[PDB]
């Protein structure tokens, strides 16, 4: 997260991290006891899911293996369209005040809406600074018309853009697949942006969760 601050303790219980060799790989969101939602770009054959702590490396946290995952079949490595995947936890997440399911959206929140993106991704770019504590930054949803000025025809209708004018405030590598929450609901998954991160007037690009509700519920149902 570039130009953010530590999240208030206990306010991101639906936030998870995907680890590989005890190192941060991606962010993600807890959907229910058996499922984590993340970016298709985070695909691995095995995952270690960290749940229940704002601090990576906490002994208090749950560490659950995940040996199955399903990317949206329309996902493209070339364009990053349909960038989403469901990760199936080997055992159920043990829910508490620190482990909760995210509120999935019913509607798509409009341009100009204030949101919070969170994660343990680097806080600097190009040079890497990986924090221990979960970082937060507020961004505003950007219209597809305004976002097209920057990314042209790479942008699709199921992609959502967010950021702050003349600001470095954004998501970076390690935040990928993590949550963008607007008015109590999950509106996006960190998908991509420019590199180096935190480039002013270059929005962060997110997978628009409100357009994938059916595939999300249908995939959990079929692979239950």
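Numbering follows the first chain given and starts at 1. Here, rigid core means the biggest group of C-alpha atoms that superpose within 1.5 Å across both forms.
- Taking the root mean square of CA deviations in 9 other deposited structures of this protein after fitting on the rigid core, 16-24 and 202-210 differ, and the farther of the two is 16-24.
- Averaged as a root mean square over residues and superposed structures in 9 other deposited structures of this protein, CA distances to the shown form are larger in 141-149; the pair compared was 89-97 and 141-149 with a core fit.
- The question of which stretch, 35-43 or 57-65, has the higher mean Cα B factor is settled in favour of 57-65.
- As recorded in the entry, 154 carries the highest CA temperature factor of 134, 84, 154, 117.
- Per the PDB record, residue ranking by Cα B-factor puts residue 88 in the lowest third of the chain.
- Placement of the Cα temperature factor of residue 50 within the chain: middle third of the modelled residues, per the deposited record.
- For residue 94, the recorded CA B-factor ranks within the highest third of the chain. Only modelled residues enter the ranking.
- Among all modelled residues in this chain, the alpha-carbon of residue 150 has a temperature factor (C-alpha) in the middle third.
- Among the modelled residues of its chain, residue 126 has a C-alpha B-factor that falls in the highest third according to the deposited record.
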